[PDB]
Amino acid sequence: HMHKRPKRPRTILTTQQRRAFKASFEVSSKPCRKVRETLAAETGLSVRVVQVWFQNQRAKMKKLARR
DNA sequence: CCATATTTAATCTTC
DNA sequence: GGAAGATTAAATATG
């Protein structure tokens, strides 16, 4: 019988964090879990934040792909 | 197959 | 106002 809990604060990426994600995206848009773990450790972000960033990046590039 | 994980598509939300 | 981070259920992928 759980109450409705609020959302986590929206992540505000630093420039170094975003550059780390973009550089990995360049070699694969779908990092395996080991890579997501490595990226989480290098950025200090949670593995979920890492996964979601790639999710959202893929959605963005998919729309652009048809111009 | 079957349980679990990941991804997709769509959207809600906020910086 | 607009890009994008966070969430959701469904679909697809994986072991």
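Below, each value reflects all heavy atoms present in this structure, side chains not excepted, and no hydrogens, waters or symmetry copies. The chains referred to below are lettered A, B, ... by the order of the sequence lines, with proteins before strands, and numbering in each begins at 1.
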Nucleotide [N], atom [atom2] - distance to [atom1] of [X] in whole Å:
X: A:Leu13; N: C:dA6; atom1: CG; atom2: P; result: 8 Å
X: A:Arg33; N: B:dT4; atom1: CZ; atom2: P; result: 15 Å
X: A:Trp53; N: C:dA3; atom1: CH2; atom2: P; result: 17 Å
X: A:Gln57; N: C:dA4; atom1: CD; atom2: P; result: 7 Å
X: A:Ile12; N: C:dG5; atom1: CD1; atom2: P; result: 11 Å

Item to complete: Identify whether A:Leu39 and A:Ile12 are in the same connected component of the hydrophobic contact network (ILVMFWY, side-chain heavy atoms under 4.5 Å).
Response: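 A:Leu39 does not cluster with A:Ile12.
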Worksheet item: According to a 4.5 Å side-chain heavy-atom criterion applied to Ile, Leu, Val, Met, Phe, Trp and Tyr, with indirect links allowed, do A:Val35 and A:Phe21 form part of one hydrophobic cluster?
Response: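 Hydrophobic grouping puts A:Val35 with A:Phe21.
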Practice prompt. Determine whether the side chains of A:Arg48 and A:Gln51 contain a donor N or O and an acceptor N or O closer than 3.5 Å.
Written response: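 There is such a pair (donor and acceptor under 3.5 Å, judged by atom type) between the side chains of A:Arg48 and A:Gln51.
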Check: protein-nucleotides 7-13 of chain B nitrogen or oxygen pairs below 3.5 Å:
{"unit_1": "B:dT7", "atom_1": "OP2", "unit_2": "A:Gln51", "atom_2": "NE2", "d": "3.4"}
{"unit_1": "B:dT8", "atom_1": "OP1", "unit_2": "A:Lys30", "atom_2": "NZ", "d": "2.8"}
{"unit_1": "B:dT8", "atom_1": "OP2", "unit_2": "A:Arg58", "atom_2": "NE", "d": "2.8"}
{"unit_1": "B:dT8", "atom_1": "OP2", "unit_2": "A:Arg58", "atom_2": "NH2", "d": "3.2"}

Worksheet item: Which pair of heavy atoms, one from A:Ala20 and one from A:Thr43, lies closest together, and at what distance?
Response: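 It is CB-CG2, 4.0 Å.
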Discussion item. List the residues meeting side-chain hydrogen bond (donor to acceptor under 3.5 Å, both in side chains) with A:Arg18, not counting sequence neighbours, and say none if there are none.
Written reply: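 None.
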Practice prompt. Using side chain to side chain contact (heavy atoms under 4.5 Å, CB included) as the criterion, list what pairs up with A:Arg58, not counting sequence neighbours.
Written response: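 If we apply the side chain to side chain contact (heavy atoms under 4.5 Å, CB included) test to A:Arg58, skipping adjacent residues, the hits are A:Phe25, A:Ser29, A:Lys30, A:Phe54, A:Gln55.
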Worksheet item: Can you tell me how far CG of A:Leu13 sits from CG of A:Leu45, rounded to the nearest 0.5 angstrom?
Response: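 These two atoms lie 6.5 Å from each other.
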Worksheet item: How bent is the helix from B:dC2-C:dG15 to B:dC15-C:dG2, comparing axes over its five end pairs at each side, to the nearest 10°?
Response: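 Nearest ten degrees gives 30° for this helix.
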Fill in: Under 3.5 Å donor-acceptor, A:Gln17 side chain and A:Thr14 backbone
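Pair found, side chain donor or acceptor close to backbone of A:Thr14.
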